[PDB]
Every structure is written in structure tokens, then in C-alpha cells.
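# got an experimental structure here, sequence first:
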Amino acid sequence: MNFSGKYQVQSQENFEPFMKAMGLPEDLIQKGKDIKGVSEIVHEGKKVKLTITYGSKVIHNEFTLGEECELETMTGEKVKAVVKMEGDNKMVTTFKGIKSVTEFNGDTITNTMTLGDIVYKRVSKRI
């Protein structure tokens, strides 16, 4: 599945509870509650490039399929994580103890983030 290009997030779930646990107050939560961003996915061989905008900040990371790859956060902390495709459509990468699932269906992507108890989802659709 080589369909590298940009994907702008449309739908998302559980943004509040994630940011809430992230230390975000309901008031700021309600404001951020409908923020997504523009993501870009370029898949080369095993490695797939992920550029994801969260509101103001943009994280650019590339990872190798079935291969241990280091995930670089918006903090600069980069950790070796092994990503291969779980969710059947796209790949899951566990890093910093957090479990991140991606599902790529045709032109749409379902991004499921898992932090301990808090689960987070985004759906990015082809632009």
C-alpha cells in the first residue's frame, strides 16, 4: 500500500479525557476539543513517514515496519519502538510505555492512541 500523501484529521474521539489527564482543564478542553491538524503519511518500503500537527505543534517521525525505530516526541525525547501493522489497516507502535495504533483504510486513517487507561482516536482523511 503505497499511497504517500497528506491526510487531514477529521474525526477524533476522547480528546478531552486525554488532555484532561494531560492536565488540561475542562475550559481549555472545550476549546481544544475540536482541534486536530494536518498529518502527512509517506510509506517507503517498510518505513512510513508520519507528520502530525497537534493544534500548534507538529511532530515529524518516520518508523520502519517490523523494525525497531525510535519515536521522536514534541519534547525531543526519542525512544526505540517497534512498529508493525496492527489494526489490520495500519501499524501500531509502542513507545514511552504508550501504545499507538494506526489504521489506514483506502484514503482514511483511524489513529488510536492508548496511554495506560486513556484511549484516544483520530480519523484522518485524504486531502
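Sure, I can see it. Numbers count the residues shown, from 1 in each chain.
# burial measure for residue 86, as a count.
If you count neighbours by other CB atoms under 10 Å, residue 86 ends up with 16. C-beta coordinates here come from the backbone N, C-alpha and C atoms, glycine included.
# mind checking the SS state of it?
coil (DSSP: H, G, I helix; E, B strand; the rest coil).
# make residue 1 into 52 and carry on from there
Sounds good: first residue 52 from here, last item residue 137.
# show me the contacts for it.
The neighbourhood of residue 137, defined by CB atoms under 8 Å, 6 or more residues apart in numbering, consists of 143, 152.
# what is the strand or helix carrying residue 131 packed up against?
Remark: residue 131 resides in strand 129-135, with elements defined by DSSP states H and E. Packing partners of strand 129-135 (3 or more CB pairs under 8 Å, 6 or more residues apart in numbering; DSSP states H and E): strand 118-123, strand 143-146.
# just these: most buried one?
Mean neighbour count, computed with mean count of other CB atoms under 10 Å, is highest for strand 143-146 among these, reaching a mean of 19.
# now the helices for the chain?
66-72, 77-83 (DSSP state H).
# most packed of the ones you listed?
helix 66-72 (a mean of 17).
# could the helices of the chain go into JSON lines alongside distance to residue 127?
JSON lines is the format used below for those (distance: least, CB to CB, whole Å):
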{"stretch": "helix 66-72", "distance to residue 127": "21"}
{"stretch": "helix 77-83", "distance to residue 127": "22"}
